[PDB]
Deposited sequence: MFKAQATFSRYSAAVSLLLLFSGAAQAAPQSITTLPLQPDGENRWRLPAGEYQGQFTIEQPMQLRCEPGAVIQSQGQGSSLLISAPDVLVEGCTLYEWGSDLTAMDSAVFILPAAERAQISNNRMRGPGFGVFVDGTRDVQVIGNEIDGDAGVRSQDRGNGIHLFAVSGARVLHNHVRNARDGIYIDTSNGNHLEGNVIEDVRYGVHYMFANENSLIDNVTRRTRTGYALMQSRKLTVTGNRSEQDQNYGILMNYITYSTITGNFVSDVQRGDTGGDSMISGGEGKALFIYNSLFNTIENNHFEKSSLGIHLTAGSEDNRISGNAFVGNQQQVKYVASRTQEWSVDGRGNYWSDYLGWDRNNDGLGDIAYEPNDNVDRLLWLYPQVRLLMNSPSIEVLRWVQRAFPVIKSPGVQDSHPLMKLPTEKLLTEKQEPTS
């Protein structure tokens, strides 16, 4: 494992600032001194396929404009492209191109690391179980990962036990998970774009975090998966066309107790929102459930009001009126019948689902409200689209 000083860097400025010229290199490299090294666009630092290509151990290093290629793939020894030690505090990794079968940016124990503007194309042939993470973050406080471009890695931007950090404006394409969260208390992520992913947003056991403005374009089987998230905030997310591959759920809420789910847009999926029985009584108001073949799946008999402060959600199949000209509807909207939960409770009713007796039983509930099980209704639903800005 050689060092960065073993190359030929031409200094532009004598304040530990270096500039590597155009031309390829070979092998792993190590930064041990606080060097704000830049690179020409022809600086293809291509390792031979083993080891972490650019290991970083010194604080305050502004690595910029490098192009790394073909590092190792041993995920147990964490063969990354940019390994950042716990002593390498406040590192800037700006505008880099990476192509190799392991971790793109592996940091651990770091503070105030900035991973900005990189393009990390992961793999093509590995089975998405050994491709390595795009931007792996392991218990970092202060990080700023902004406007990257991760493609074809394994589980995108993995985050493990990292407390305070922002994920702003990065595009994540053709991965298993878009953004993975594990025990990340008081986190934040803004305006990320996830495309063609087997789960758009994994929210596992991370409390008190802000999920805002994110987009999920044509993901597979899970739009935003939230497991055990408490005191969170889901405001302004655009989840569109979650096709099957699960049957396709734009939001799957599993054991999330308290969180504010407002102003979202769940569009053209098979299930608009799946609410499990353990995750109840959280503020869900102002979303747009348009184009989904089934809006809410709620297999319970407990009532669940879905409108805080008298304002509810926009539903596309809401066949209601508005006499006094406010934004709210006049009749309440129950998204589920009693026969719409017999199909979920007993799957053999799928053979009887086109029968006239089921079409009779849908009308008997609208005429005789004693047989209506208490569902997932919202008093005062919206009449117009509240997310007029999220379609752009």
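According to the record, the deposited residues with no C-alpha atom in the structure span 1-27, 273-282, 430-436.
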